[PDB]
Amino acid sequence: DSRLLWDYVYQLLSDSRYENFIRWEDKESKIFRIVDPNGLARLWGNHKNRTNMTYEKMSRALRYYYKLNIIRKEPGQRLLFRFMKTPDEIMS
DNA sequence: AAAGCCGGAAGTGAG
DNA sequence: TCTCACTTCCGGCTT
């Protein structure tokens with residue numbers, strides 16, 4: 001479960017030490033913003049012990065989350081996203 | 001122009 | 001050995 005991207009994103013959003021890579025913008029509405037796409041892509045590649053992980057490839061995994069309706073693009077600003085399901089709902 | 005964002009399609013490490 | 005959750009590559013379209 002820890003290897004899953006939605007689990008990793010939730011863990012970073014709850015740890016204030018990562019506020020400069022990813023952060024809540026409307027925590028009540030599950031709206032978050034990716035602050036450092038290149039830096040966030042390195043944390044993800046390290047998290048899965050992978051090599052040559054890029055944000056171009058990570059964002060494709062986020063677009064894969066578009067199709068599963070886990071997250072969606074929020075139109076307010078660039079790199080803004082919204083969780084459409086809670087962690088309990090994704091595991092359901 | 002260049003960089004970013006998109007989705008279709010095939011590839012793959014790990015559990 | 002097989003499948004899952006991405007991963008890898010890319011043409012096409014935005015910004």
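We name chains A, B, ... by the order of the sequence lines, and we start the count at 1 in each one.
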| query | Excluding sequence neighbours, so at least two apart, what forms ring-ring contact (aromatic ring centres under 6.0 Å, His included) with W6(A)? | reply | none
At a cut-off of 3.5 Å, list every protein nitrogen or oxygen paired with a nitrogen or oxygen from nucleotides 7-11 of chain B, distance to 0.1 Å.
residue, atom, partner, partner atom, Å
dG7(B), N7, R60(A), NE, 3.2
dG7(B), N7, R63(A), NE, 2.9
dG7(B), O6, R63(A), NH2, 2.9
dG8(B), OP2, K67(A), NZ, 3.3
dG8(B), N7, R60(A), NH2, 2.9
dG8(B), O6, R60(A), NE, 2.8
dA9(B), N6, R60(A), NH2, 3.4

Side-chain atoms of residues 75-84 of chain A: list all donor-acceptor pairs with protein atoms under 3.5 Å, sequence neighbours left out, distances to 0.1 Å.
residue, atom, partner, partner atom, Å
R82(A), NE, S29(A), O, 3.3

| said: Going by the rule side-chain contact (heavy atoms from CB on, under 4.5 Å), which residues pair with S16(A) if we only count those two or more places apart in sequence or in a different chain? | reply: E19(A)
| Nucleotide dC10(C): sugar north or south according to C1'-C2'-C3'-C4' | south
| Where along residues 77-89 of chain A does a heavy atom come under 4.0 Å from DNA chain B, residue by residue in number order? | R78(A), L79(A)
| Atom pair distance, as rounded to whole Å: CE in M58(A) and P in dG4(B) | 16 Å
| request: Please identify each residue that fulfils side-chain contact (heavy atoms from CB on, under 4.5 Å) with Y18(A), with sequence neighbours left out. | output: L12(A), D15(A), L43(A)
| What residues form a side-chain hydrogen bond (donor to acceptor under 3.5 Å, both in side chains) with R72(A), not counting sequence neighbours? | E74(A)
| said: Over 60° means perpendicular and under 30° means parallel, so tell me whether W24(A) and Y10(A) are parallel, tilted or perpendicular. | reply: tilted
Got a list of protein N/O to nucleotides 4-6 of chain C N/O distances below 3.5 Å?
residue, atom, partner, partner atom, Å
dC6(C), OP1, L5(A), N, 2.8
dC6(C), OP2, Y65(A), OH, 2.7
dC6(C), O3', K48(A), NZ, 3.2

| query | For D1(A), which residues count as a side-chain contact (heavy atoms from CB on, under 4.5 Å) partner, sequence neighbours excluded? | reply | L4(A), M91(A)
| note | note: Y55(A), atom OH; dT8(C), atom P; distance rounded to Å ~ 16 Å
| Sequence neighbours excluded - salt bridge (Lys or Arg N to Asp or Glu O under 4.0 Å) pairs with any residue from residues 34-50 of chain A | none
| field | Set of residues satisfying side-chain hydrogen bond (donor to acceptor under 3.5 Å, both in side chains) with respect to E25(A), sequence neighbours excluded | value | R33(A)
| field | Those residues that, when tested against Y64(A), pass side-chain contact (heavy atoms from CB on, under 4.5 Å) (two or more places apart) | value | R60(A), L68(A)
| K57(A) side chain N/O closer than 4.0 Å to the phosphate oxygens (OP1, OP2) of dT8(C)? | yes
